[PDB]
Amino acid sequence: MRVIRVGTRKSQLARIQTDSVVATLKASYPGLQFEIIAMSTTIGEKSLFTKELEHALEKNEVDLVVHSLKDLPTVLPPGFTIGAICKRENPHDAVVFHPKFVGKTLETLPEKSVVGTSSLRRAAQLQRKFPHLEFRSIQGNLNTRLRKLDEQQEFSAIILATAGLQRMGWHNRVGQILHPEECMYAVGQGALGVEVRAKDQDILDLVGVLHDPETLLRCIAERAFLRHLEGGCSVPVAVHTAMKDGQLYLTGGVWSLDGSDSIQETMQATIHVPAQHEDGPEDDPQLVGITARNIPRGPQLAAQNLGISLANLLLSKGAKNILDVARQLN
């Protein structure tokens, strides 16, 4: 190929994520040449962050694209796949407090404090957990939301992903990291995913070195849960996964938009984090849009099965009524 072309969105955070994956690639493949191509990008739309870069992949204008994994739908268009799931960075949601409120938590904020978040998932869960704080929409990239917090005196705090603040070099602004019992994260949050042409074997070979087995298994379970619920962007759905002591634990929840209705449950499966790589057959189907033929397939299937199992438990307890009501609210 002589040159590997890497597509990226133009935002600073997207460019930093892309550079971090390219740096890892260069550490495995010293001397290999990489070329970063940043493309102008943009309810309703199902893949706001991915369509234009997918078109560049389809026209062989780039060879791989770096995304936040949570920005990739659980069903991709048929000519694409996720060829790498990188080792997870911190998946949790985070609170940034107005400078006047340094030392606080959401639990010690005065009642009626205004907390900025535009995420349905975050807003449902935090309204349930903090019924006397006011959760109000806020718009902007990371820099803009920080400025709105620090100045216009409207917001006492904002909710952002920990990983986003850390990639921007703003670790010091993370004032509180929310536990799962306070706010479970989005499916895939904190993991980077690399999207490629589904039958481009050369590139799938190269990027397979980036797969982190523990993160791959966790993200397969989370994505399989969300896919079986068909949560989309209009319904609050959230997860927590952990691999410990030979088990994969998946917690999954659905909420009404105001957080007053909720179903949440935890299942576990015995799944060993594979330490060996493999050269698996090319015709094995992708799992929830992910190609990882160099990672043993047994555990991946077991993780997908855990996600389906948990979604089915939630459906048997009424999740479809919550989803339908939330989605009727467009």
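In case it trips you up, residue 1 is the first one in the sequence shown, and so on.
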property: Count class of coordinate-free deposited residues lying between the neighbours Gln33 and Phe34; result: none
property: Which of 126-134 and 87-95 has higher mean CA B factor, as the PDB entry lists it; result: 126-134
property: 135-143 versus 249-257 - greater average Cα B-factor per the deposited record; result: 135-143
property: Out of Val66, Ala38, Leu301, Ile263, residue topping the C-alpha B-factor column of the entry; result: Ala38
property: Given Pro236, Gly116, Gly188, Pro73, the residue at which the Cα B factor reaches its maximum; result: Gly116
property: Chain-wide C-alpha B factor ranking for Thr270, given as lowest, middle or highest third; result: middle
property: Entry-reported Cα temperature factor of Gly289, expressed as the chain third it lands in; result: lowest
property: Chain-relative CA temperature factor third for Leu192; result: lowest
property: Relative C-alpha B-factor of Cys219, binned into the chain's lowest, middle or highest third; result: lowest
property: For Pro110, the third of its chain into which the C-alpha B factor falls; result: highest
